[PDB]
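A quick write-up on the structure given underneath.
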Amino acid sequence: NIXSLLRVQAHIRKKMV
Amino acid sequence: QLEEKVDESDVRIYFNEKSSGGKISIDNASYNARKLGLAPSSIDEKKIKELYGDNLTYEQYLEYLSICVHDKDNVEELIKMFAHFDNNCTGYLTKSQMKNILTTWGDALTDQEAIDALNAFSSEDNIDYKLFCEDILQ
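Chains C and A, in that order, give the protein sequences. For what it's worth, the deposited numbering labels the leading residue of the first sequence as 800, then goes sequentially. For what it's worth, the deposited numbering labels the leading residue of the second sequence as 67, then goes sequentially.
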């Protein structure tokens with residue numbers, strides 16, 4: 800689960816930028 | 067390979083926008099990666115630092131971008147944490163449940179960061195996390 804969470808948070812940070 | 071994914075001239079433009087002494091910091095390289103539409107995590111950042119240190123030449127920067135491609139990302143991969151909290155298997159979580167997950171574990175977002183992201187997706191309190199995942203993957 801945790802590794803998948805990092806990918807979620809990564810795409811969210813991508814959208815911020 | 068990476069050019070399939072991103073614009074070749076933007077790779078160079080963003081580099082020039084942020085470079086200093088012909089080198090770019092990891093933080094600026096991750097910023098650029100995001101602008102190009104890529105999604106680095108702390109794992110990618112720790113990996114490039116272990117190879118090259120904090121300041122990347124143009125060529126090391128291109129290497130970092132290929133590392134950030136993550137062509138294996140998809141909905142099935144992304145929803146796992148959310149589904150795990152979806153005990154009754156409804157396909158939904160509330161915004162509060164999602165904010166707690168995003169801000170508490172992993173590369174945790176700030177509260178505002180999570181709120182903005184969830185609000186950007188929907189004005190409703192109950193979130194289809196599969197569609198939320200499809201949307202951030204765009």
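Don't be surprised by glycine CBs; every beta carbon is placed ideally from N, CA and C.
Around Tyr118 (chain A), the same chain offers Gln126 as residues with beta carbons nearer than 7 Å, after the five sequence neighbours per side are excluded. With a threshold of 16 other beta carbon atoms within 10 Å, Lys138 (chain A) falls short and is exposed.
In the three-state scheme derived from DSSP, where H, G and I count as helix and E and B as strand, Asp194 (chain A) is classed as strand. Secondary structure at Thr169 (chain A): helix, using DSSP grouped into helix, strand and coil. The C-alpha of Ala95 (chain A) is placed about 24 Å away from the C-alpha of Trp171 (chain A).
Separation of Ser162 (chain A) and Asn98 (chain A) (C-alpha to C-alpha, rounded to the nearest whole angstrom) is 31 Å.
Between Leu144 (chain A) and chain C, the shortest Cβ-Cβ separation is below 7 Å. As a beta-bridge residue in DSSP terms, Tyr158 (chain A) pairs with A:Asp194.
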